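Trainee: Pasting model02.txt below, which is compact mmCIF, N, CA and C atoms.
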# COMPACT_ATOMS: atom_id res chain seq x y z
N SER A 22 -25.25 1.30 20.44
CA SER A 22 -26.30 0.55 19.77
C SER A 22 -25.79 -0.78 19.26
N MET A 23 -26.71 -1.70 19.03
CA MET A 23 -26.34 -2.92 18.44
C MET A 23 -25.88 -2.72 16.99
N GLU A 24 -26.50 -1.78 16.25
CA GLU A 24 -26.09 -1.52 14.85
C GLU A 24 -24.56 -1.06 14.80
N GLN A 25 -24.19 -0.19 15.75
CA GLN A 25 -22.82 0.35 15.81
C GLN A 25 -21.87 -0.77 16.04
N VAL A 26 -22.19 -1.66 16.96
CA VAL A 26 -21.38 -2.89 17.14
C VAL A 26 -21.21 -3.77 15.89
N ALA A 27 -22.32 -3.97 15.18
CA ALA A 27 -22.31 -4.83 13.98
C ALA A 27 -21.39 -4.22 12.90
N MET A 28 -21.52 -2.89 12.72
CA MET A 28 -20.65 -2.11 11.84
C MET A 28 -19.20 -2.23 12.29
N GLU A 29 -18.98 -2.12 13.59
CA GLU A 29 -17.63 -2.32 14.12
C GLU A 29 -17.06 -3.72 13.89
N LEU A 30 -17.91 -4.74 13.97
CA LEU A 30 -17.47 -6.09 13.68
C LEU A 30 -17.07 -6.25 12.16
N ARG A 31 -17.86 -5.67 11.27
CA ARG A 31 -17.59 -5.60 9.79
C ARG A 31 -16.24 -4.93 9.56
N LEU A 32 -16.01 -3.79 10.19
CA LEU A 32 -14.69 -3.10 10.07
C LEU A 32 -13.54 -3.98 10.58
N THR A 33 -13.74 -4.69 11.68
CA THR A 33 -12.75 -5.55 12.20
C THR A 33 -12.45 -6.67 11.27
N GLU A 34 -13.49 -7.23 10.65
CA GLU A 34 -13.24 -8.33 9.73
C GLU A 34 -12.54 -7.80 8.44
N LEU A 35 -12.95 -6.64 8.00
CA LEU A 35 -12.24 -5.99 6.83
C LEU A 35 -10.76 -5.81 7.15
N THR A 36 -10.48 -5.32 8.37
CA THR A 36 -9.12 -5.11 8.83
C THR A 36 -8.35 -6.41 8.80
N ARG A 37 -9.00 -7.53 9.22
CA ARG A 37 -8.37 -8.85 9.14
C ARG A 37 -8.00 -9.22 7.72
N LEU A 38 -8.92 -9.00 6.81
CA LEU A 38 -8.69 -9.41 5.41
C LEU A 38 -7.60 -8.49 4.81
N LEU A 39 -7.68 -7.19 5.07
CA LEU A 39 -6.61 -6.23 4.62
C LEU A 39 -5.25 -6.51 5.21
N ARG A 40 -5.19 -6.98 6.46
CA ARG A 40 -3.87 -7.42 6.98
C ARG A 40 -3.27 -8.57 6.20
N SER A 41 -4.07 -9.55 5.84
CA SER A 41 -3.63 -10.66 5.02
C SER A 41 -3.17 -10.15 3.58
N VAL A 42 -3.98 -9.26 3.00
CA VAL A 42 -3.63 -8.62 1.72
C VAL A 42 -2.31 -7.88 1.84
N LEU A 43 -2.13 -7.14 2.90
CA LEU A 43 -0.92 -6.33 3.10
C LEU A 43 0.30 -7.22 3.18
N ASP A 44 0.14 -8.36 3.86
CA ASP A 44 1.25 -9.28 4.00
C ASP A 44 1.65 -9.87 2.70
N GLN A 45 0.66 -10.22 1.89
CA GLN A 45 0.87 -10.82 0.61
C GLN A 45 1.54 -9.79 -0.34
N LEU A 46 1.09 -8.54 -0.30
CA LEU A 46 1.75 -7.49 -1.16
C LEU A 46 3.17 -7.25 -0.70
N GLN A 47 3.41 -7.18 0.60
CA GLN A 47 4.73 -6.89 1.09
C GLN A 47 5.73 -8.03 0.78
N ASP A 48 5.24 -9.26 0.65
CA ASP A 48 6.12 -10.36 0.20
C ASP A 48 6.61 -10.20 -1.23
N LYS A 49 5.90 -9.43 -2.04
CA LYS A 49 6.31 -9.12 -3.38
C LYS A 49 7.37 -8.05 -3.47
N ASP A 50 7.86 -7.64 -2.32
CA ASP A 50 8.94 -6.61 -2.19
C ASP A 50 10.03 -7.21 -1.37
N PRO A 51 10.70 -8.24 -1.92
CA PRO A 51 11.66 -8.89 -1.00
C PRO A 51 12.91 -8.07 -0.70
N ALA A 52 13.20 -7.08 -1.56
CA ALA A 52 14.32 -6.20 -1.25
C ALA A 52 14.01 -5.17 -0.12
N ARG A 53 12.74 -5.08 0.26
CA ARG A 53 12.31 -4.14 1.32
C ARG A 53 12.51 -2.66 0.94
N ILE A 54 12.38 -2.39 -0.36
CA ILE A 54 12.53 -1.06 -0.88
C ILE A 54 11.39 -0.16 -0.41
N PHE A 55 10.23 -0.77 -0.20
CA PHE A 55 9.01 0.01 0.15
C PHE A 55 8.57 -0.17 1.61
N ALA A 56 9.43 -0.76 2.43
CA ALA A 56 9.10 -1.07 3.78
C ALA A 56 8.93 0.11 4.69
N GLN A 57 9.72 1.17 4.47
CA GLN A 57 9.72 2.29 5.37
C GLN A 57 9.60 3.64 4.60
N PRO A 58 9.24 4.73 5.29
CA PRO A 58 9.20 6.03 4.59
C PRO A 58 10.49 6.44 4.02
N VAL A 59 10.49 7.05 2.85
CA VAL A 59 11.72 7.69 2.32
C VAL A 59 12.24 8.66 3.41
N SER A 60 13.51 8.50 3.79
CA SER A 60 14.15 9.37 4.79
C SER A 60 14.43 10.83 4.31
N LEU A 61 13.90 11.84 5.00
CA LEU A 61 14.08 13.21 4.63
C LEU A 61 15.42 13.65 5.09
N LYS A 62 16.04 12.91 6.04
CA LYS A 62 17.47 13.20 6.30
C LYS A 62 18.33 12.85 5.11
N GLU A 63 18.13 11.67 4.53
CA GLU A 63 18.85 11.17 3.34
C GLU A 63 18.41 11.68 1.92
N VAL A 64 17.12 12.06 1.80
CA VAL A 64 16.57 12.65 0.58
C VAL A 64 15.87 13.95 0.94
N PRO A 65 16.69 15.02 1.22
CA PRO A 65 16.09 16.21 1.80
C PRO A 65 15.11 16.96 0.93
N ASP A 66 15.21 16.81 -0.39
CA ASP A 66 14.28 17.45 -1.33
C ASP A 66 13.01 16.60 -1.60
N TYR A 67 12.82 15.48 -0.91
CA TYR A 67 11.78 14.55 -1.38
C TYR A 67 10.37 15.20 -1.49
N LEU A 68 10.03 16.01 -0.53
CA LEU A 68 8.67 16.53 -0.45
C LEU A 68 8.47 17.66 -1.45
N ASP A 69 9.55 18.14 -2.10
CA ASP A 69 9.40 19.01 -3.24
C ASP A 69 8.89 18.24 -4.45
N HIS A 70 9.17 16.95 -4.50
CA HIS A 70 8.80 16.07 -5.62
C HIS A 70 7.49 15.35 -5.33
N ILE A 71 7.40 14.77 -4.20
CA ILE A 71 6.31 13.84 -3.84
C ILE A 71 5.45 14.45 -2.72
N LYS A 72 4.20 14.73 -3.07
CA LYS A 72 3.36 15.44 -2.14
C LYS A 72 2.67 14.58 -1.11
N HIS A 73 2.48 13.28 -1.41
CA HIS A 73 1.85 12.38 -0.50
C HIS A 73 2.73 11.05 -0.43
N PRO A 74 3.80 11.10 0.35
CA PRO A 74 4.64 9.91 0.56
C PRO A 74 3.85 8.74 1.15
N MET A 75 4.25 7.52 0.80
CA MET A 75 3.60 6.37 1.37
C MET A 75 4.60 5.22 1.42
N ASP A 76 4.33 4.28 2.29
CA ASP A 76 5.22 3.09 2.47
C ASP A 76 4.46 2.01 3.28
N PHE A 77 5.00 0.82 3.32
CA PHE A 77 4.24 -0.24 3.95
C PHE A 77 4.12 -0.08 5.49
N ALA A 78 5.12 0.47 6.17
CA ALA A 78 4.99 0.69 7.60
C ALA A 78 3.90 1.69 7.95
N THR A 79 3.80 2.74 7.16
CA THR A 79 2.78 3.77 7.34
C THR A 79 1.40 3.12 7.10
N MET A 80 1.27 2.28 6.07
CA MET A 80 -0.03 1.60 5.84
C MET A 80 -0.41 0.68 7.00
N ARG A 81 0.59 0.02 7.57
CA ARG A 81 0.35 -0.92 8.65
C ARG A 81 -0.15 -0.15 9.88
N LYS A 82 0.41 1.03 10.14
CA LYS A 82 -0.07 1.90 11.27
C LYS A 82 -1.55 2.26 11.08
N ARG A 83 -1.89 2.70 9.86
CA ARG A 83 -3.27 3.01 9.57
C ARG A 83 -4.15 1.76 9.69
N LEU A 84 -3.73 0.65 9.17
CA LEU A 84 -4.52 -0.56 9.25
C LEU A 84 -4.84 -0.97 10.68
N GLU A 85 -3.81 -0.97 11.50
CA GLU A 85 -3.95 -1.40 12.90
C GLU A 85 -4.80 -0.47 13.75
N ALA A 86 -4.96 0.79 13.37
CA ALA A 86 -5.90 1.68 13.94
C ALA A 86 -7.31 1.54 13.31
N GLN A 87 -7.53 0.46 12.55
CA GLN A 87 -8.74 0.38 11.68
C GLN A 87 -9.11 1.61 10.87
N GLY A 88 -8.09 2.24 10.22
CA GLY A 88 -8.26 3.43 9.50
C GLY A 88 -8.59 3.29 8.02
N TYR A 89 -8.69 2.05 7.54
CA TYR A 89 -9.21 1.80 6.19
C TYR A 89 -10.71 1.38 6.27
N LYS A 90 -11.57 2.22 5.74
CA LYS A 90 -13.04 1.92 5.78
C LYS A 90 -13.51 0.96 4.70
N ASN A 91 -12.77 0.89 3.58
CA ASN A 91 -13.12 0.06 2.46
C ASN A 91 -11.81 -0.29 1.73
N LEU A 92 -11.87 -1.25 0.83
CA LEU A 92 -10.70 -1.68 0.04
C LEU A 92 -10.18 -0.54 -0.83
N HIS A 93 -11.05 0.31 -1.38
CA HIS A 93 -10.62 1.45 -2.23
C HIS A 93 -9.59 2.33 -1.51
N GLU A 94 -9.86 2.66 -0.26
CA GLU A 94 -8.89 3.49 0.49
C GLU A 94 -7.50 2.82 0.67
N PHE A 95 -7.50 1.52 0.89
CA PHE A 95 -6.30 0.72 1.04
C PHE A 95 -5.55 0.67 -0.30
N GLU A 96 -6.28 0.42 -1.37
CA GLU A 96 -5.65 0.43 -2.71
C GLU A 96 -5.10 1.79 -3.06
N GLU A 97 -5.76 2.87 -2.63
CA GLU A 97 -5.20 4.20 -2.90
C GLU A 97 -3.78 4.37 -2.34
N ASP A 98 -3.60 3.91 -1.11
CA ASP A 98 -2.32 4.02 -0.41
C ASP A 98 -1.31 3.11 -1.16
N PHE A 99 -1.70 1.88 -1.52
CA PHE A 99 -0.76 1.00 -2.23
C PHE A 99 -0.31 1.62 -3.58
N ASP A 100 -1.24 2.21 -4.29
CA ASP A 100 -0.92 2.85 -5.55
C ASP A 100 0.03 4.04 -5.34
N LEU A 101 -0.07 4.76 -4.21
CA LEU A 101 0.83 5.83 -3.93
C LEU A 101 2.27 5.34 -3.79
N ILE A 102 2.41 4.19 -3.14
CA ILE A 102 3.77 3.61 -2.96
C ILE A 102 4.42 3.45 -4.36
N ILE A 103 3.67 2.83 -5.28
CA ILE A 103 4.17 2.52 -6.62
C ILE A 103 4.36 3.80 -7.42
N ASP A 104 3.28 4.61 -7.43
CA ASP A 104 3.31 5.79 -8.30
C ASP A 104 4.34 6.82 -7.88
N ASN A 105 4.56 7.00 -6.59
CA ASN A 105 5.57 7.96 -6.06
C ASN A 105 6.94 7.52 -6.58
N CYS A 106 7.17 6.21 -6.45
CA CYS A 106 8.51 5.67 -6.83
C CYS A 106 8.75 5.81 -8.31
N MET A 107 7.74 5.54 -9.14
CA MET A 107 7.87 5.61 -10.58
C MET A 107 8.05 7.06 -11.10
N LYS A 108 7.70 8.05 -10.27
CA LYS A 108 7.94 9.45 -10.63
C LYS A 108 9.34 9.90 -10.16
N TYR A 109 9.70 9.63 -8.92
CA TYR A 109 10.94 10.11 -8.35
C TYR A 109 12.16 9.47 -8.98
N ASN A 110 12.01 8.18 -9.32
CA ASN A 110 13.14 7.40 -9.84
C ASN A 110 13.03 7.19 -11.31
N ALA A 111 14.15 7.17 -12.03
CA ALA A 111 14.12 6.90 -13.45
C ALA A 111 13.92 5.46 -13.77
N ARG A 112 13.45 5.21 -14.99
CA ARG A 112 13.24 3.85 -15.53
C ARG A 112 14.37 2.86 -15.36
N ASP A 113 15.62 3.32 -15.48
CA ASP A 113 16.77 2.45 -15.41
C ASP A 113 17.28 2.14 -13.98
N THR A 114 16.44 2.31 -12.97
CA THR A 114 16.87 2.18 -11.60
C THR A 114 16.27 0.95 -11.00
N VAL A 115 16.98 0.42 -9.97
CA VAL A 115 16.44 -0.71 -9.23
C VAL A 115 15.15 -0.35 -8.51
N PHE A 116 15.02 0.93 -8.10
CA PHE A 116 13.80 1.37 -7.45
C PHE A 116 12.61 1.33 -8.36
N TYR A 117 12.72 1.95 -9.52
CA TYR A 117 11.59 1.98 -10.49
C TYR A 117 11.17 0.53 -10.82
N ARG A 118 12.21 -0.28 -11.11
CA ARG A 118 11.96 -1.67 -11.56
C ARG A 118 11.26 -2.43 -10.45
N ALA A 119 11.65 -2.17 -9.21
CA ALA A 119 10.99 -2.86 -8.10
C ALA A 119 9.52 -2.51 -8.01
N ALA A 120 9.22 -1.25 -8.23
CA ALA A 120 7.84 -0.79 -8.23
C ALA A 120 7.03 -1.43 -9.34
N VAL A 121 7.59 -1.58 -10.55
CA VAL A 121 6.86 -2.22 -11.61
C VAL A 121 6.50 -3.67 -11.24
N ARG A 122 7.49 -4.38 -10.70
CA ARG A 122 7.27 -5.75 -10.31
C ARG A 122 6.25 -5.90 -9.17
N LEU A 123 6.30 -4.98 -8.22
CA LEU A 123 5.29 -4.92 -7.13
C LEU A 123 3.90 -4.64 -7.66
N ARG A 124 3.75 -3.69 -8.61
CA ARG A 124 2.49 -3.41 -9.22
C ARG A 124 1.94 -4.68 -9.95
N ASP A 125 2.79 -5.31 -10.73
CA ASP A 125 2.34 -6.43 -11.57
C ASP A 125 1.91 -7.62 -10.72
N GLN A 126 2.73 -7.96 -9.73
CA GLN A 126 2.46 -9.06 -8.83
C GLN A 126 1.33 -8.76 -7.85
N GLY A 127 1.23 -7.53 -7.41
CA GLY A 127 0.17 -7.11 -6.48
C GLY A 127 -1.20 -7.13 -7.10
N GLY A 128 -1.25 -6.91 -8.43
CA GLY A 128 -2.51 -6.86 -9.18
C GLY A 128 -3.33 -8.11 -8.98
N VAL A 129 -2.64 -9.24 -8.96
CA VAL A 129 -3.25 -10.57 -8.85
C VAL A 129 -3.93 -10.74 -7.46
N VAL A 130 -3.23 -10.27 -6.43
CA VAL A 130 -3.66 -10.33 -5.04
C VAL A 130 -4.87 -9.44 -4.87
N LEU A 131 -4.77 -8.24 -5.42
CA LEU A 131 -5.87 -7.27 -5.28
C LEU A 131 -7.15 -7.65 -6.04
N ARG A 132 -6.98 -8.31 -7.16
CA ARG A 132 -8.12 -8.80 -7.92
C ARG A 132 -8.95 -9.77 -7.10
N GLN A 133 -8.32 -10.68 -6.34
CA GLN A 133 -9.12 -11.63 -5.59
C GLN A 133 -9.62 -11.00 -4.27
N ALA A 134 -8.86 -10.05 -3.70
CA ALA A 134 -9.31 -9.32 -2.55
C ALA A 134 -10.59 -8.59 -2.84
N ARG A 135 -10.71 -8.00 -4.02
CA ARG A 135 -11.94 -7.32 -4.37
C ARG A 135 -13.11 -8.31 -4.41
N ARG A 136 -12.90 -9.45 -5.03
CA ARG A 136 -13.96 -10.46 -5.06
C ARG A 136 -14.40 -10.85 -3.64
N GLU A 137 -13.44 -11.06 -2.71
CA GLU A 137 -13.70 -11.48 -1.31
C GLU A 137 -14.41 -10.40 -0.49
N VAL A 138 -14.00 -9.16 -0.70
CA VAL A 138 -14.67 -8.08 -0.05
C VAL A 138 -16.13 -7.99 -0.47
N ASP A 139 -16.40 -8.02 -1.77
CA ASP A 139 -17.78 -8.07 -2.32
C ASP A 139 -18.56 -9.33 -1.88
N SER A 140 -17.93 -10.48 -2.07
CA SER A 140 -18.51 -11.77 -1.66
C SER A 140 -18.95 -11.80 -0.17
N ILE A 141 -18.00 -11.73 0.77
CA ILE A 141 -18.32 -11.71 2.23
C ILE A 141 -19.12 -10.46 2.67
N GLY A 142 -19.11 -9.40 1.85
CA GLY A 142 -19.83 -8.15 2.14
C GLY A 142 -18.97 -7.27 3.02
I'd like the structure from this file rewritten - as structure tokens, please.
Mentor:
Amino acid sequence: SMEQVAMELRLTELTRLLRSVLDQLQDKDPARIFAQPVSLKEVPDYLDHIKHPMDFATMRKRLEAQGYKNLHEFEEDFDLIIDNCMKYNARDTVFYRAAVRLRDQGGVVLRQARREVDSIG
């Protein structure tokens, strides 16, 4: 149907805007601490601690499959990256600190992304 196409075009444009958002958030992680999944070879107990692992490569796979239907779903995954790290790692660690800085800096990006998603529809 023509309606299905129009919906598909909206999803494609959302995916475009989320790719730009993703790039901007990932630049706020210059140490690349959140770039890839925590390795279960190197952290064998991880899944005893963290039930829903997340990382920027995993988000990019979902994005490129157009697997984010709305900004809320994308923000959920970003919050998992931060929140998982802040639980697994202690306050005095470079990991925890990196997550705090990513959260604080990402907030600014996400605030305007929400406006753009609402604005463009």
Trainee: To one decimal place, how far is atom N of residue 112 (chain A) from CA of residue 57 (chain A) in Å?
Mentor: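 Answer for the atom N of residue 112 (chain A) to CA of residue 57 (chain A) separation: 20.9 Å.
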Trainee: Given only C-alpha atoms as the basis, pick out the residue of A:73, A:62, A:31, A:49 nearest to residue 141 (chain A).
Mentor: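 With only C-alpha atoms as the atom set, the closest residue is A:31.
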Trainee: Looking at A:132, A:38, A:109, A:50, which one is nearest to residue 68 (chain A), with distances taken over only C-alpha atoms?
Mentor: A:109
Trainee: So that I can check the secondary structure, give me every residue of region 36-122 of chain A assigned alpha helix (DSSP H) by backbone DSSP, as JSON, numbers by chain.
Mentor: {"A": [36, 37, 38, 39, 40, 41, 42, 43, 44, 45, 46, 47, 48, 67, 68, 69, 70, 77, 78, 79, 80, 81, 82, 83, 84, 85, 92, 93, 94, 95, 96, 97, 98, 99, 100, 101, 102, 103, 104, 105, 106, 107, 108, 109, 115, 116, 117, 118, 119, 120, 121, 122]}
Trainee: What's the 12 Å shell around residue 86 (chain A), counting only C-alpha atoms, without same-chain residues fewer than 3 positions away, as an MDAnalysis selection string?
Mentor: chainID A and resid 32:33 36:37 40 79:83 89:90
Trainee: Since we have the selection now, will you write its residues out, keeping N, CA and C atoms, as a short mmCIF file (atom, residue, chain, number, x, y, z; two decimals), in the frame of the given file?
Mentor:
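New file out-v6.cif:
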data_model
loop_
_atom_site.label_atom_id
_atom_site.label_comp_id
_atom_site.auth_asym_id
_atom_site.auth_seq_id
_atom_site.Cartn_x
_atom_site.Cartn_y
_atom_site.Cartn_z
N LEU A 32 -16.01 -3.79 10.19
CA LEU A 32 -14.69 -3.10 10.07
C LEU A 32 -13.54 -3.98 10.58
N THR A 33 -13.74 -4.69 11.68
CA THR A 33 -12.75 -5.55 12.20
C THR A 33 -12.45 -6.67 11.27
N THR A 36 -10.48 -5.32 8.37
CA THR A 36 -9.12 -5.11 8.83
C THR A 36 -8.35 -6.41 8.80
N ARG A 37 -9.00 -7.53 9.22
CA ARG A 37 -8.37 -8.85 9.14
C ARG A 37 -8.00 -9.22 7.72
N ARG A 40 -5.19 -6.98 6.46
CA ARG A 40 -3.87 -7.42 6.98
C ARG A 40 -3.27 -8.57 6.20
N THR A 79 3.80 2.74 7.16
CA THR A 79 2.78 3.77 7.34
C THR A 79 1.40 3.12 7.10
N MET A 80 1.27 2.28 6.07
CA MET A 80 -0.03 1.60 5.84
C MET A 80 -0.41 0.68 7.00
N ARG A 81 0.59 0.02 7.57
CA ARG A 81 0.35 -0.92 8.65
C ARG A 81 -0.15 -0.15 9.88
N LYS A 82 0.41 1.03 10.14
CA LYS A 82 -0.07 1.90 11.27
C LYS A 82 -1.55 2.26 11.08
N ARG A 83 -1.89 2.70 9.86
CA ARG A 83 -3.27 3.01 9.57
C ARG A 83 -4.15 1.76 9.69
N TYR A 89 -8.69 2.05 7.54
CA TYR A 89 -9.21 1.80 6.19
C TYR A 89 -10.71 1.38 6.27
N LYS A 90 -11.57 2.22 5.74
CA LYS A 90 -13.04 1.92 5.78
C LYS A 90 -13.51 0.96 4.70
#
Trainee: Nearest to residue 74 (chain A) among A:102, A:53, A:35, A:124, with distances taken over all atoms listed in the file: which residue is it?
Mentor: A:102
Trainee: Considering all atoms listed in the file, state which residue in the set A:46, A:23, A:28, A:106 is at the smallest distance from residue 123 (chain A).
Mentor: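 When distances to residue 123 (chain A) are compared using all atoms listed in the file, the smallest one comes from A:46.
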Trainee: Just give me the gap between atom N of residue 129 (chain A) and CA of residue 43 (chain A) in Å, one decimal is fine.
Mentor: 12.5 Å
Trainee: Around all the atoms of region 96-104 of chain A listed in the file, with 5 Å of room on each side, what axis-aligned box do you get, giving centre and edge lengths in Å to one decimal, as lines of an AutoDock Vina configuration file?
Mentor:
center_x = -0.9
center_y = 3.6
center_z = -4.4
size_x = 20.7
size_y = 16.4
size_z = 17.9
Trainee: Give me the region 72-118 of chain A side of the contact with region 133-136 of chain A, cut-off 12 Å, one line per residue showing its nearest atom pair and distance in Å at one decimal, counting only C-alpha atoms, sorted by chain and residue number, as JSON lines.
Mentor:
{"residue": "A:91", "atom": "CA", "partner": "A:135", "partner_atom": "CA", "distance": 10.1}
{"residue": "A:92", "atom": "CA", "partner": "A:135", "partner_atom": "CA", "distance": 7.3}
{"residue": "A:93", "atom": "CA", "partner": "A:135", "partner_atom": "CA", "distance": 9.1}
{"residue": "A:95", "atom": "CA", "partner": "A:134", "partner_atom": "CA", "distance": 11.1}
{"residue": "A:96", "atom": "CA", "partner": "A:135", "partner_atom": "CA", "distance": 10.1}
Trainee: Kindly export the residues of the current selection with N, CA and C atoms, as a compact mmCIF listing (two decimals), in the frame of the given file.
Mentor:
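Saved file result-v3.txt follows:
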# COMPACT_ATOMS: atom_id res chain seq x y z
N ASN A 91 -12.77 0.89 3.58
CA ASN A 91 -13.12 0.06 2.46
C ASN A 91 -11.81 -0.29 1.73
N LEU A 92 -11.87 -1.25 0.83
CA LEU A 92 -10.70 -1.68 0.04
C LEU A 92 -10.18 -0.54 -0.83
N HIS A 93 -11.05 0.31 -1.38
CA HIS A 93 -10.62 1.45 -2.23
C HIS A 93 -9.59 2.33 -1.51
N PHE A 95 -7.50 1.52 0.89
CA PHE A 95 -6.30 0.72 1.04
C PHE A 95 -5.55 0.67 -0.30
N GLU A 96 -6.28 0.42 -1.37
CA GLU A 96 -5.65 0.43 -2.71
C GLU A 96 -5.10 1.79 -3.06
Trainee: For CA of residue 101 (chain A) and atom N of residue 75 (chain A), determine how far apart the two atoms are, in Å to one decimal place.
Mentor: 6.1 Å
Trainee: Measuring between all atoms listed in the file, which one of A:64, A:30, A:120, A:115 shows the shortest distance to residue 103 (chain A)?
Mentor: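 Under the stated criterion, the closest residue is A:120.
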Trainee: Any chance you could model N, CA, C and O atoms for region 30-42 of chain A and send them as a JSON list (two decimals), keeping the file's coordinate frame?
Mentor:
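The result, stored in rebuild_23.json:
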[["chain", "number", "residue", "atom", "x", "y", "z"],
["A", 30, "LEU", "N", -17.91, -4.74, 13.97],
["A", 30, "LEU", "CA", -17.47, -6.09, 13.68],
["A", 30, "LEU", "C", -17.07, -6.25, 12.16],
["A", 30, "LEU", "O", -16.08, -6.95, 11.86],
["A", 31, "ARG", "N", -17.86, -5.67, 11.27],
["A", 31, "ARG", "CA", -17.59, -5.60, 9.79],
["A", 31, "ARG", "C", -16.24, -4.93, 9.56],
["A", 31, "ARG", "O", -15.40, -5.46, 8.85],
["A", 32, "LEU", "N", -16.01, -3.79, 10.19],
["A", 32, "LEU", "CA", -14.69, -3.10, 10.07],
["A", 32, "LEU", "C", -13.54, -3.98, 10.58],
["A", 32, "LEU", "O", -12.45, -4.04, 9.96],
["A", 33, "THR", "N", -13.74, -4.69, 11.68],
["A", 33, "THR", "CA", -12.75, -5.55, 12.20],
["A", 33, "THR", "C", -12.45, -6.67, 11.27],
["A", 33, "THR", "O", -11.28, -7.10, 11.14],
["A", 34, "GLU", "N", -13.49, -7.23, 10.65],
["A", 34, "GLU", "CA", -13.24, -8.33, 9.73],
["A", 34, "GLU", "C", -12.54, -7.80, 8.44],
["A", 34, "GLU", "O", -11.63, -8.44, 7.93],
["A", 35, "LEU", "N", -12.95, -6.64, 8.00],
["A", 35, "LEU", "CA", -12.24, -5.99, 6.83],
["A", 35, "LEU", "C", -10.76, -5.81, 7.15],
["A", 35, "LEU", "O", -9.89, -6.11, 6.29],
["A", 36, "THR", "N", -10.48, -5.32, 8.37],
["A", 36, "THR", "CA", -9.12, -5.11, 8.83],
["A", 36, "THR", "C", -8.35, -6.41, 8.80],
["A", 36, "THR", "O", -7.14, -6.43, 8.40],
["A", 37, "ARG", "N", -9.00, -7.53, 9.22],
["A", 37, "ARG", "CA", -8.37, -8.85, 9.14],
["A", 37, "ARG", "C", -8.00, -9.22, 7.72],
["A", 37, "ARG", "O", -6.90, -9.72, 7.45],
["A", 38, "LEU", "N", -8.92, -9.00, 6.81],
["A", 38, "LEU", "CA", -8.69, -9.41, 5.41],
["A", 38, "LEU", "C", -7.60, -8.49, 4.81],
["A", 38, "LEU", "O", -6.69, -9.00, 4.18],
["A", 39, "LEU", "N", -7.68, -7.19, 5.07],
["A", 39, "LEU", "CA", -6.61, -6.23, 4.62],
["A", 39, "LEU", "C", -5.25, -6.51, 5.21],
["A", 39, "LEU", "O", -4.20, -6.35, 4.55],
["A", 40, "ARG", "N", -5.19, -6.98, 6.46],
["A", 40, "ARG", "CA", -3.87, -7.42, 6.98],
["A", 40, "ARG", "C", -3.27, -8.57, 6.20],
["A", 40, "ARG", "O", -2.07, -8.59, 5.98],
["A", 41, "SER", "N", -4.07, -9.55, 5.84],
["A", 41, "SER", "CA", -3.63, -10.66, 5.02],
["A", 41, "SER", "C", -3.17, -10.15, 3.58],
["A", 41, "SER", "O", -2.14, -10.62, 3.04],
["A", 42, "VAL", "N", -3.98, -9.26, 3.00],
["A", 42, "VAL", "CA", -3.63, -8.62, 1.72],
["A", 42, "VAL", "C", -2.31, -7.88, 1.84],
["A", 42, "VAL", "O", -1.37, -8.04, 0.96]]
